[PDB]
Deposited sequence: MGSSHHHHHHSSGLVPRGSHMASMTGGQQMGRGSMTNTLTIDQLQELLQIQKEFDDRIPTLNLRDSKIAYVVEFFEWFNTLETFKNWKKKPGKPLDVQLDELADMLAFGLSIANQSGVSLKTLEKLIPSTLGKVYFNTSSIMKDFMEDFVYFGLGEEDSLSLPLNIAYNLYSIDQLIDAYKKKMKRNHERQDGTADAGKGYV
């Protein structure tokens, strides 16, 4: 269940979406991402129902897909293991307070550890359908 180059199915889906958004830019993607990390971090006990957690998680993922995409991650192709919730805090905090790659690495490595990873994807593909529809 744990992923193997579904990067061409997500980087595109989101590429797909963001092209329907005229005013799109990088400073805002960055903010929405940060807001979703805390929004997700909130959905835990430091708790809330399972269903409701990977929704925020999926929401963070879409923004990480945008960053690298707006960065033009030139064909870059890391799976990390996390022992505690606080070990995810630390990570985000230096990629943030002291600084693209890690920004997209992060929602996924959570999936590996916090959840299944082929179980996050089903939330993302579902919403972006409802989203591409809305726009």
Relative to the deposited sequence, which regions have no modelled C-alpha positions in the structure?
1-37, 84-91, 123-130, 153-155, 192-202
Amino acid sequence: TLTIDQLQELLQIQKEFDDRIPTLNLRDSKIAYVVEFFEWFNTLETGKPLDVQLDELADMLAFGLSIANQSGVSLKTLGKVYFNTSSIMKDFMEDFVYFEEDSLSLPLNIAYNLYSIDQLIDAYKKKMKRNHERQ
From here on, numbers count along this sequence of modelled residues.
Using only C-alpha atoms and the B-factors in the entry, which stretch averages higher, 9-17 or 107-115?
9-17
Stretch with the greater mean C-alpha B-factor as recorded in the entry, comparing 88-96 against 68-76
68-76
Pick out which of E39, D59, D28, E101 has the highest C-alpha B-factor in the PDB entry.
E101
Report the third (lowest, middle or highest) to which the CA temperature factor of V34 belongs, ranking only the modelled residues of the same chain.
lowest
